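Taking it in order: structure first as structure tokens, then the write-up.
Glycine gets a Cβ as well: all are built from the backbone with ideal geometry, and neighbour counts include every protein chain shown. What follows draws every value from the coordinates through simple rules; no lab data is involved.
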2 protein chains.
Amino acid sequence: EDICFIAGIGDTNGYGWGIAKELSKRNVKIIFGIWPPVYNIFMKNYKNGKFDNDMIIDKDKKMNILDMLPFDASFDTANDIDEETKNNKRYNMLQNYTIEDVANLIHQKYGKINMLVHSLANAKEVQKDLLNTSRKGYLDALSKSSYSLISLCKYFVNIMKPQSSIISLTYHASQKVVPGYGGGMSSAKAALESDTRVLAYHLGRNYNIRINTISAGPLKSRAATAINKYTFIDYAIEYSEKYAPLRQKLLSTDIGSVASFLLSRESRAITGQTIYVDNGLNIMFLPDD
Amino acid sequence: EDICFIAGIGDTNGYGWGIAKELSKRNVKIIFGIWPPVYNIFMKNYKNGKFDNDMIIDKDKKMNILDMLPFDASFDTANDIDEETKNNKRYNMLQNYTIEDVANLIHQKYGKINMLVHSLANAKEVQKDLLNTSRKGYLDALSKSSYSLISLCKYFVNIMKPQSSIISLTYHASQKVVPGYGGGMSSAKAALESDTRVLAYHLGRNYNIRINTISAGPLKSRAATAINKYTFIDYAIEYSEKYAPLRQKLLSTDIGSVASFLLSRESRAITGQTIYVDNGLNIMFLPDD
Ligand SMILES: NC(=O)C1=CN([C@@H]2O[C@H](COP(=O)(O)OP(=O)(O)OC[C@H]3O[C@@H](n4cnc5c(N)ncnc54)[C@H](O)[C@@H]3O)[C@@H](O)[C@H]2O)C=CC1
Ligand SMILES: NC(=O)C1=CN([C@@H]2O[C@H](COP(=O)(O)OP(=O)(O)OC[C@H]3O[C@@H](n4cnc5c(N)ncnc54)[C@H](O)[C@@H]3O)[C@@H](O)[C@H]2O)C=CC1
């Protein structure tokens with residue numbers, strides 16, 4: 001029985017969904033971690049069957065979601081919750097949404113898991129360029145998009161089985177400059193990739209757990225659409241579809257099937273790596289046009 | 001009907017064999033390309049059942065070998081083979097072993113294939129360090145170990161279906177220095193890796209075909225043993241098992257399962273990449289003890 005917790009899903013148009021979809025093809029139980037502010041709305045859409053078609057698997061089956069829990073990557077433990085949030089309308093009717101709390105919650109209800117997916121990003125000033133990003137906004141991007149991975153590993157390793165696997169999503173902006181990806185997001189991804197290597201060492205040596213990161217190509221999702229700089233995401237997609245070695249549309253399931261492989265034992269020898277799933281765009285220097 | 005041609009197998013102790021074994025789990029037909037000098041010995045052992053145990057695939061499956069053909073990567077076409085090798089004791093009783101001839105041969109007997117594996121390397125002066133390698137020895141290593149890939153692509157591309165996949169094997173000595181990996185082999189691996197990217201562009205744009213390379217960890221194979229440096233290989237294996245993030249023996253089938261994934265459609269969005277399957281050793285800078 002393989003159980004996978006996916007941190008970072010707010011709809012069916014992101015990478016988290018493509019990953020859950022592909023893992024279902026392999027019969028793995030899925031648990032969603034939903035950011036509190038969109039939890040109730042997500043449950044409403046779910047309950048009203050708005051995701052039904054999106055849950056049908058190729059092999060003529062239904063995606064099996066074990067559970068859906070409110071989850072906020074910016075809070076490590078219960079005593080980290082501040083006043084302003086502890087009174088927020090969207091957080092009031094919710095409890096146990098901190099990293100340690102969800103880990104205890106999952107362990108208590110379903111036992112130990114063996115697959116972990118970090119699929120979340122957030123930066124307050126993603127619209128501003130690096131030079132004009134404030135210290136507060138910069139640290140916010142790193143806390144939510146980078147440190148969250150470290151904390152997830154620290155708390156979930158206690159409820160994971162040996163030889164389990166972890167993955168996260170990153171973007172090439174960390175290695176090469178892409179104008180438009182601001183707010184410290186490029187910085188956060190750079191830390192994520194570096195941290196993945198160091199975590200691979202500690203997790204590998206002490207628990208025999210693997211951890212890799214997938215560098216994906218452009219995907220018109222909510223997080224992306226909110227980067228605007230006809231917006232940043234529309235440009236990257238068009239560019240990728242014109243100049244990438246492989247001229248085909250990049251689907252969330254393309255990252256999903258690769259994630260599925262990295263999360264399985266088929267890849268027991270791969271760890272601390274940044275795997276590119278972008279139709280090869282990253283190998284290009286000079287375009288044809 | 002998936003058909004894969006594996007170029008570079010002289011026994012069951014190499015990566016070519018582990019790859020063949022893993023591909024058989026997915027029921028893909030295997031065609032072996034055997035270097036002429038060792039063709040007779042290999043057929044002899046196979047015939048006398050000296051590989052029957054190695055052909056056992058976990059699930060009691062029996063490795064499915066479609067065909068076994070003599071093959072020499074140093075010759076592009078029939079009129080490339082010199083008089084000497086032509087009348088050589090080991091080549092006399094054989095024919096159609098050049099790159100162009102095996103392609104036409106496979107096509108004529110089985111039609112188009114969709115999987116190509118370049119699993120060979122060779123260097124006359126591997127025992128010498130770069131500084132002391134002659135021009136002749138250097139060009140020989142590149143000719144046999146690097147150009148062979150480009151040539152294989154040129155002739156096999158015509159007998160491959162769209163969306164097919166190609167992989168080769170490389171070693172980290174191309175990116176970082178490992179004393180002992182001489183004769184221009186480090187050079188050859190560097191070329192192969194760069195060529196993999198360039199070919200991904202061409203193969204991808206014109207044939208919608210993918211090509212990637214696997215950077216494997218140390219394996220005590222025949223080619224590896226030739227690198228007399230208690231030999232280079234024993235050191236590398238011992239060093240990998242004591243310092244890699246994942247302390248475990250690296251099996252040929254570990255590279256095999258990754259090869260299998262890259263050759264299947266599950267990796268449609270990956271191309272031109274160098275994927276490390278080395279228990280994570282490449283991410284380390286300073287060893288522990
Ligand atoms: N869309 C793209 O073009 C690319 C995306 N990526 C990465 O893929 C990952 C997922 O992003 P997408 O599928 O693009 O977008 P997405 O918008 O579907 O997913 C991001 C999720 O993070 C959640 N989030 C924000 N702050 C949170 C917090 N404090 N706690 C928990 N959840 C929180 C949101 O609810 C959202 O569902 C991100 O890490 C992103 O950087 C990597 C390459 C490209
Ligand atoms: N063993 C190791 O530690 C590592 C090996 N590699 C690569 O893996 C690939 C396969 O090597 P191994 O499994 O190590 O050794 P192997 O010695 O079993 O296989 C190489 C094969 O190439 C064939 N060969 C040599 N010249 C040829 C020619 N002109 N035409 C056709 N075949 C020819 C040999 O018969 C041999 O079977 C090589 O490209 C090697 O560089 C990459 C990382 C590590």
Practice item. Would you mind finding the one in A:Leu139, A:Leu152 that is part of a helix (DSSP H, G or I), more than 9 Å from ligand 1 (Cβ to nearest atom), over 30 Å from A:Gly111 (Cβ atoms) and not acidic (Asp, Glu)? Key: A:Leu139
Point to revise | Options A:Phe261, A:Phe285; residue that is within 11 Å of chain B (Cβ to nearest Cβ), within 22 Å of B:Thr196 (Cβ to Cβ) and in a helix (DSSP H, G or I) | key: A:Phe261
Exercise for review: Hey, could you check the stretch A:198-228 for residues that are touching an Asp or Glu at 6+ places or on another chain (Cβ under 8 Å) and of a type in the set (D, E, K, R) and say which is nearest to ligand 2 (Cβ to nearest atom)?
Suggested key: A:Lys220
Review point. Since A:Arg210 meets every condition but one in (1) among the basic types (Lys, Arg); (2) surrounded by fewer than 20 Cβ atoms within 10 Å (Cβ to Cβ); (3) more than 15 Å from ligand 1 (Cβ to nearest atom), which condition does it not meet?
Key: (2)
**Study point:** Within the stretch B:1-92, helices (runs of 4 or more DSSP H) holding 2 or more residues that are closer than 25 Å to B:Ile150 by Cα, away from ligand 1 (no atom under 16 Å from the Cβ) and charged (D, E, K, R)
**Key:** B:83-87
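Go through B:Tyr230, B:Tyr201 for me and flag whichever is surrounded by fewer than 24 Cβ atoms within 10 Å (Cβ to Cβ), farther than 30 Å from B:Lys161 by Cβ and among the hydroxyl-bearing types (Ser, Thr, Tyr).
Values: B:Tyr201 fails: farther than 30 Å from B:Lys161 by Cβ.
Of the residues listed, the single one that is surrounded by fewer than 24 Cβ atoms within 10 Å (Cβ to Cβ), farther than 30 Å from B:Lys161 by Cβ and among the hydroxyl-bearing types (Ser, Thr, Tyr) is B:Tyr230.
Of all residues being of a type outside the set (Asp, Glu) and under 16 Å from the mean Cα position of the chain (by Cα) in the stretch A:71-86, which is farthest from A:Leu139 (Cα to Cα)? Just the residue, please.
We begin by selecting, within the stretch A:71-86, every residue of a type outside the set (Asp, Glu); these are A:71, A:73-75, A:77-79, A:81, A:85-86.
Filter once more, so that each one left must be under 16 Å from the mean Cα position of the chain (by Cα): A:71, A:73-74.
On the way: A:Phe71: 20, A:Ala73: 14, A:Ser74: 12 Å.
Among those that are of a type outside the set (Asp, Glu) and under 16 Å from the mean Cα position of the chain (by Cα), it is A:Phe71.
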Review point. If A:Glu238 satisfies every condition in (1) touching a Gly at 6+ places or on another chain (Cβ under 8 Å); (2) away from ligand 1 (no atom under 12 Å from the Cβ) but one, which is the exception?
Key: (1)
Study note, to complete from the structure: Restricting attention to the stretch A:229-258, the residues that are assigned to a loop (DSSP other than H, G, I, E, B) and either closer than 18 Å to B:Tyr276 by Cα or not hydroxyl-bearing (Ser, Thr, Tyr) (or both) number exactly 9
